[PDB]
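Asker: sequence, then the experimental structure. Questions to follow.
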Amino acid sequence: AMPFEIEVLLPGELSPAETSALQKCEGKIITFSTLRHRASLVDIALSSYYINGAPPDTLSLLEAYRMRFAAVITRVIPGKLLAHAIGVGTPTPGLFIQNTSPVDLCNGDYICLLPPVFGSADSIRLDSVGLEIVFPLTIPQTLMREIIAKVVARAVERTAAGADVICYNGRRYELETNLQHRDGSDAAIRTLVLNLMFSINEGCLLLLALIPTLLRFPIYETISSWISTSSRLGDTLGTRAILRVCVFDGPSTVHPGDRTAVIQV
Amino acid sequence: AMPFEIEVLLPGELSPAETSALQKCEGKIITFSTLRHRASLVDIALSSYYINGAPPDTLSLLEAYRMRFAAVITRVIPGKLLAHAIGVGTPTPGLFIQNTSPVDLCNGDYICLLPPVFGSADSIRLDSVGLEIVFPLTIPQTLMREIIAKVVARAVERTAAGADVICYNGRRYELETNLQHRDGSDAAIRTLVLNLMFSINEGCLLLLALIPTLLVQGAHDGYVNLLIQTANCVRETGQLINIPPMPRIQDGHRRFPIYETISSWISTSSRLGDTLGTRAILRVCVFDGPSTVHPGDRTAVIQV
Amino acid sequence: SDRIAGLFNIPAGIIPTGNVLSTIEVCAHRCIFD
Amino acid sequence: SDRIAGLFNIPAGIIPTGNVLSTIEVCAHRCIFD
Amino acid sequence: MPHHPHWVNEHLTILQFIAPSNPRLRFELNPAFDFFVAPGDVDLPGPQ
Amino acid sequence: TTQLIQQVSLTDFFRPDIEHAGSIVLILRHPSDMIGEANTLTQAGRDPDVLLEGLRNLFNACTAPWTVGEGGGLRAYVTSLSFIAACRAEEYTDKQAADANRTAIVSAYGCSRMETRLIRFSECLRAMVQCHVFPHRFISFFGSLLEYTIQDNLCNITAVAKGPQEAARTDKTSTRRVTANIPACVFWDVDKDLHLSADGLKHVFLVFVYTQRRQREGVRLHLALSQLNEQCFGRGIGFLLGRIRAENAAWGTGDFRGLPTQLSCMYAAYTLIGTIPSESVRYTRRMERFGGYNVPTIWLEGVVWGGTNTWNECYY
Amino acid sequence: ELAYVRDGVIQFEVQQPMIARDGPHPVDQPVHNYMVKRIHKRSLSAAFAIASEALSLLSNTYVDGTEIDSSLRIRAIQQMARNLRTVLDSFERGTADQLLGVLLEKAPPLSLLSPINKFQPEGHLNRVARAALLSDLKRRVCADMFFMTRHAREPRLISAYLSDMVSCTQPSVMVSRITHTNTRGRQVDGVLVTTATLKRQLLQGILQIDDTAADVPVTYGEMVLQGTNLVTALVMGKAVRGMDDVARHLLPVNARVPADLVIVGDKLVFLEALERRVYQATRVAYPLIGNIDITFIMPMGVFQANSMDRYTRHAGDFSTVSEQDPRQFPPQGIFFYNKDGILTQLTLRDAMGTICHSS
Amino acid sequence: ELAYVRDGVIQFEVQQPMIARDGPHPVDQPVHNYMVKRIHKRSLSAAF
Amino acid sequence: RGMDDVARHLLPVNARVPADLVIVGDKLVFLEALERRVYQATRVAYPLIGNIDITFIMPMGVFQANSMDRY
Amino acid sequence: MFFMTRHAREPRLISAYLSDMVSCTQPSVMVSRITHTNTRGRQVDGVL
Amino acid sequence: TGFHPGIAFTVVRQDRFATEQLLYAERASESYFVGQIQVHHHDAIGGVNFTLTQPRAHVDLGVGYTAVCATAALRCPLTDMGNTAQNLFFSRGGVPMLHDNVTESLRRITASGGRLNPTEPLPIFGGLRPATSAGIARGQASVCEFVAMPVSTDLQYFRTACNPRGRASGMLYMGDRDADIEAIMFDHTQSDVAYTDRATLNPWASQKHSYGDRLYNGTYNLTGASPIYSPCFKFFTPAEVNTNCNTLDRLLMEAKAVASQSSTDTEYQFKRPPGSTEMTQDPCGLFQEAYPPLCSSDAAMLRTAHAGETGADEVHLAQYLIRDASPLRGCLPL
Amino acid sequence: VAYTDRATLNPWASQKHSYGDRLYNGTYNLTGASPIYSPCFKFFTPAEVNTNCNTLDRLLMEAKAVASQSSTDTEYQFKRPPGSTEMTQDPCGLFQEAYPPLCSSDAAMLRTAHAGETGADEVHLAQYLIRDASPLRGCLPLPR
């Protein structure tokens, strides 16, 4: 068995700012569409996620992070990048990672990816070639459902017009971000909230439409409509884990912006 | 380590021009009630799927697939047939399956498996010993959800009183299902109504009290105008059924009612399509071969 | 059907009588053969 | 008290002193030994 | 009484009174005694 | 071909000088998360300050009470499965083995104030299942104990987290290898109870059981060993636990106040942790010594530890 | 090369004689026959293990300088050698096991082959002869099911039974080679496979032993498949055994081993019980202790529809002191004997589970 | 020196044969046994 | 016992005495009775004269509980 | 039970017993030392 | 309550015996080919688990027959020949009753009678197994069964080997052509093949779509959900063979080594599992004829005046004794 | 398990805490200080040896040399004295089985009308005879 050594040929004409900022962005995660030993930079950049000829929102990114192939950026020589396939069966020996999330990975928790659902998207703009690259957050699976439920519910009150801490590892975390970022996340969450409410709404009503003693109009074209919409939306959210924080003789706790080793599930 | 292999002993009484057919069925999926290192040909034929005396049907074959260990045939030597398990937790260095669906497969798709429901069977019948083996269709997940939705809808409508096409990539497919064993179908309806039940909490009121507000937020944006299409329950409720104003959120200083509601729905949602259909067992990953997969071709797949 | 490929082995291995001269894509003509 | 085992390692002293002249399913007579 | 009393069944035979399905058998424990299920804490005739 | 894991923790809830190699070790989350979690997860008309009291009175008399929180560095990380078993020995059906376990582990540890720590832990679990913060969400499977190093009030464990059990070379007394073993009170094999009894592949599950009736909470866990897959295993135990399901579903214009929910109807949650890819699973119940006392255990063979620690819930 | 053979066949070619006759008949003709048979394929299997801490020693990793580990390595090597010798002998045992297995599933009963053989004239019997044959077989199978417990005391019938059983089977072939023979050059005709009890019972006074040790070959067969047959097997897919001779057609050592040789009828045969040498001390049942199923019927509750047939032997048998005889009532039960020899009873209410079903 | 013995012991070890078979049957492996016995102490007596 | 012998692998006259040998089956065995040479004339019972205990049972006072059984 | 008195009038009804009685046990162990033999080299097998 | 409801029954139970066969074979009866051994290893519990295999082949070298076996002795019987009546309610039948509260009454009453009856809460894996008893005493229990028949069907038919259908049937009788094999069993205009004075002895059990035939024939599959064995199967389901027109005397090649029809290690008689390699001998289902054991209606006709005899005394005052004509005349205690 | 179609021939002795169980089973010690021997002891009282979870057939290990049960030199059958060591053989104590001897309810039903012969004649008019099946069917002195 041999690893799957992907290389992304960094072109020239990259200002020393962008090279000096890329050389640090190792141990982060990229996603391609197909897997090849010899790929380019555009296949990584945000331009690969244009769904309807436009940068995507949180829902399209959630969908994409499942149909793509993740990789980890190992050592970066001045000329090119070096990445390894992560999902497929590979014996990669080093395979460290860098925690990009405002929560602390404890030694023994499993990791699943998540688009920048809250706050801004920490990225690095390579203005020399005209493209930027976003990086998925890495979070423990214990919070995967809680953080999603907490970000979407808050967006409902801001959708409710016309008249919240995430404590993990014994460390609090707020969401208002010391400023007014109520706007900015409305553009990139709105499709998600709609698809959720129009699913949970027709769930309380189709049941009250079956038997009235709970407590023109095809009901079977209605049932088929609800079950498919609900089943094809739910399975997107219910991710699975692909890494595990295994630590030896180091610090058992990983802070945001630090390095740590992992293993492939 | 090494993958969990399965060898099954083909009985001697098989003519040459039946093993000829058998040498073509590699890349197809079979399933075993029990995972031993040795098995017999009569443990994978349809006669092992009999519910009680009678050959089963879709509403029961689906049940059977999700309670049985799957496996993939790799090579068929003379007098034997090797195969590797799938979802037990053993690695496979190089795995290849054969597309048995009628549709074409993309790359990166997850794969569920579905009994022959398009009414076309390529099953091989071993008349010598008098057996027959049916192979499950390998189907993309989205088509799986659509077909299973159609099937359960026909299940509920079929047993009301007075005793089927699917578009994908611009082609219509005429499914047809056999709903025998009235009892086996009701098991699905219990799961349907039950999963329907635990999806309602006190929060559902507020998400209902804004439906007319969505009728106005949808009258101005295109996509939201699509989710309120001229045929949907929420649309007709917006013009006939009104909502009483919300009574104050009791114990609303520490407990947030909407949050648990929406978190509780995520649970059942991930479970609905899994309990009515099957779980995604395979994930197509063509490393270098042609990107799309025609019916009959063969591609590499990893276990997910 | 096509039992005819069953009368002999496909790559028999005997020394050939001669050799072809046209190296066109034969796949396009797979109907004049048996 | 089941302390008989370990007085000496159960396989030990390779050179035997005799030869059991009966090959029988000893598992049936488990309750005869200690 | 919602159900049939137990002390009344005498149409049986000895091959039936022994069968494991007779719910009266568990109280046939002494040739000179009669065990039965009775209310608690009503000693005298007591109130109706 | 295997995979080890390491963790330094305190030794108050676990002492590797006393468990034998092959015992399952469990990991805990920080107790500080329970505060906020119960703060917005508790049921209306019920005050979670009883959970506050439970934890606070627990951690007041376990070890150095200070610095159990955030800015110290160290914590009570790992606990033995036998420990969490013997502080709830009043709900396991096979009474005598569980009672032997309890008295043995009360005598084998420090000897002082463990009766205290045990009921503290029992009361804490009772309170959490009462405030709808379930234990399965905070306790995970760490590994099987392989080798250790202890000091004054601090330990260093190395355990098997993946792969075959008997492929782990250790430097103990008898032999370079070791096998897994569990207390005989938590063993619960489903094949007999569903009457399948077939040879071949068997999964190993880690299942909790919840009985939430008002002021009568109940929490216990077993280690299942079944032929079923992770899909239909939930159906199987939901089946032979019918009475508990009923009890919890019952005693847990217009509106939706006073309806059946998920938090109130839950009774069990389980996880897949390994596999036994053998021809027939053989296991021996032999009575064994924890230092000075004798307790019965289950000795498994050929278990390949699994992963992806996702909890499957059962409220239906 | 037996793993390659898709199928192998053998051929027979036999001619029957004829008898000149006079009319009025059809004038007979010479008859020829042509049979062709196939072969069955079976495999054997055995296995053994080398657990960990035994692989980590033979594969000389985790090596250490001391001697206390060389000792353990010697120990593991000895275990491996022992297991290997045992698994290698298991094939020699299973060979005879499978041979018995093949022989038993092929041999039809005697209680049919013996009578049928007597009725061979007009090899295809007509209808009425077939009916009479069936009627005879029906009595025969019931009259001699257990012939060796019903006549355990009378050996002169058991001897004739054995002389008959070893005769009604036609000899197989004559393949010129060294044969299993006695010490004085008599060609043994067959084997008689029994159990230990029946053997010890047959050696007592029913049969006569003749030898204590025979002379049997100690070499296997031989096939090589090289030469022109190889070409014909590679270009086309068929090869003939003696090809290098079919071409020209157109255009051995003994060993004294102990056994028991008996004369039954007029054929010197073997008499072996394989429950001690093989099959002992292993989880393997003896294939000669077979099962058998017999169906019993009993009419329950029938009432004799007549006046004559409801009678008594004499006047005053089983008379009751009571006034009315309780015996002339329609019976509602039936009595019979258990296996242990205890009187059970089968009443009518035992049919409730079968007649009161909704079907 | 028998009066000096605290307890004696003798050890057995037999290995049983096996028979190669065909499916469907679990492939057989040998078995090995390891038994251990002990001695009981007795005495005799005589007076005059 | 055989210490000097296990270490190496870790790296007489008879007498013609009268008896009564019988050949039962295909085996050759002795045939003795010690009651006259050993046990005779002492105050010790010959331990081959052993006892046996059997339990008997009878019904006392039963009545045939039918009409057919009495005849 | 008492197959030596009830069957006293049929001797060959007993040789079948004793010929089998001395067969239903297992010979124990061959210890390397001369044993009891008869006057013609043959070996004894036990006592009765 | 002991009132005879104007109907009679015919019991059919199937017992099993462990016998000691005997085999003969002629010199050089099998050509035996041995291949070459091959070794393939897989993984073990931490270690390695080798496996050795070797292919072989054989062929019957004889022109006629070469070997012959025979049942010789009788070891212990395996199934006690007692009275364990069946139960139909094990079966998920078709047309049910109309009021669910009388079905429960029926089931409760009939479960008050026997010990073979399904458990009440329907389990989910497997089907409606019977209650597992604590101890088993005399061996596997045989499942006695009943077929309805008139009260006056005379007894002279039950005193020798006969057929429970009341109409001797099967293939052995005529195989000249193909469609005859069907008429012989069911055509009730032709006289019975054995008793040519009548069409049948039992209308309610021998006609197409009759009571018993709809009750037992494996085609209609009424007791398909029950694990319980049923002896009337091979006597009711019509046998069919591929060579029904080719072979002339298959009597031999059909009655040598038939595989088991039930299990042998269960405290009752269950249907055969998928993976049992047991192999038996069936003389009964070959001629489709059963044998009557020693039975009687009056328990006092089985006793005689002195010292262990059997009281034949064929009939006396409307009560009958049927002196057994079984294969097992002796070789059974009493 | 014996006669499967019933539950128990006698409900007054078999069931737990019944009359016979109370009077004869030794776990209740009622007949404890009585010197007189009690045959029903071995039948009523549930045996118990710690080899329950350890044997297939300890039949052989529990049916060899059971010590005596009754006194040996007393005019009556006193319970065995503690200073005794006589050992015997108890076949019926293993199978929990008894044996019916030749008995009857009518003395005239035993004898036959001629020359020292025993008659069976099992039943006659509400009075019965039980022909024996004990081991000692012979070997016991009849009248003639």
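Answerer: Now that the structure is in, tell me what you want to look at. Residues are numbered from 1 along each chain as shown, chains lettered A, B, ... in the order given.
Asker: list the contacts of residue 37.
Answerer: This is for chain A. Residues near residue A:37 by Cβ atoms under 8 Å, 6 or more residues apart in numbering or on different chains: A:4-7. C-betas here are computed from N, CA, C, even on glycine.
Asker: you answered for a different chain; I wanted chain F.
Answerer: Counted by Cβ under 8 Å, 6+ apart, residue F:37 has contacts A:167, F:133.
Asker: before we move on, what about the one 5 residues further on?
Answerer: Residue F:42 makes contacts with B:254-255, F:48, F:51, F:131-132, as judged by Cβ under 8 Å, 6+ apart.
Asker: what about residue F:175, neighbour count?
Answerer: 12 (other Cβ atoms under 10 Å in any protein chain shown).
Asker: verify the stated contact: it with residue G:53.
Answerer: Yes - counting by Cβ atoms under 8 Å, residue G:53 is a contact partner of residue F:175 at 6.3 Å.
Asker: can you pull the contacts of residue A:244?
Answerer: Residues near residue A:244 by Cβ under 8 Å, 6+ apart: A:108-111, A:262-263, A:265, F:307.
Asker: now go through those and say which are in helices.
Answerer: Among the contacts of residue A:244, DSSP state H puts none in helices.
Asker: and the residues you listed, which is closest to residue G:292?
Answerer: Ranked by distance to residue G:292 (Cβ to Cβ), these are led by residue F:307 at 54.6 Å.
Asker: the nearest residue to the closest one once chain neighbours are set aside and chain E, how far apart?
Answerer: The shortest distance from residue F:307 to any residue other than its chain neighbours is 5.4 Å, reached at residue A:265 (Cβ to Cβ, 6 or more residues apart in numbering or on different chains). The gap separating residue A:265 from chain E is 55 Å, by Cβ to the nearest Cβ, to the nearest Å.
Asker: and for residue K:48?
Answerer: Distance from residue K:48 to chain E, by Cβ to the nearest Cβ: 54 Å.
Asker: that residue pairs with what?
Answerer: Residues in a beta bridge with residue K:48, per DSSP bridges, are residue G:50, residue K:43.
Asker: tally up the residues packed near it, please.
Answerer: Residue K:48: 17 surrounding residues under other Cβ under 10 Å.
Asker: and residue F:289, by the same measure?
Answerer: The number of residues near residue F:289, taken as other Cβ under 10 Å, comes to 11.
Asker: tell me which residues of stretch K:109-126 come out buried.
Answerer: Neighbour counts over stretch K:109-126 (16 or more other Cβ atoms under 10 Å in any protein chain shown) mark K:110-118, K:125 as buried.
Asker: out of the residues you listed, who's nearest chain E?
Answerer: Among these, residue K:112 lies closest to chain E (Cβ to the nearest Cβ), at 4.0 Å.
Asker: please name the nearest non-neighbouring residue to the closest one.
Answerer: Spatial nearest neighbour of residue K:112, excluding adjacent residues (Cβ to Cβ, 6+ apart): residue E:21 at 4.0 Å.
Asker: okay, now that neighbour: neighbour count?
Answerer: With other Cβ under 10 Å as criterion, residue E:21 counts 15.
Asker: part of a helix, is it?
Answerer: No - assigned with DSSP: H, G, I helix; E, B strand; the rest coil, residue E:21 falls outside any helix and is coil.
Asker: can you pick the most crowded of the contacts of residue A:37?
Answerer: residue A:6 (23 neighbours).
Asker: wait, doesn't that one sit right on residue A:73?
Answerer: No - using Cβ under 8 Å, residue A:6 is not in contact with residue A:73; the gap is 9.3 Å.
Asker: anything in contact with each of these two?
Answerer: A:81-83.
Asker: closest to chain F among those?
Answerer: residue A:83 (23.2 Å).
Asker: residue contacts, that closest one?
Answerer: Counting by Cβ under 8 Å, 6+ apart, residue A:83 has contacts A:5-8, A:30, A:71-74.
Asker: if you set the cut-off to 6 Å instead, what comes out?
Answerer: A:6, A:71, A:73 (Cβ atoms under 6 Å, 6 or more residues apart in numbering or on different chains).
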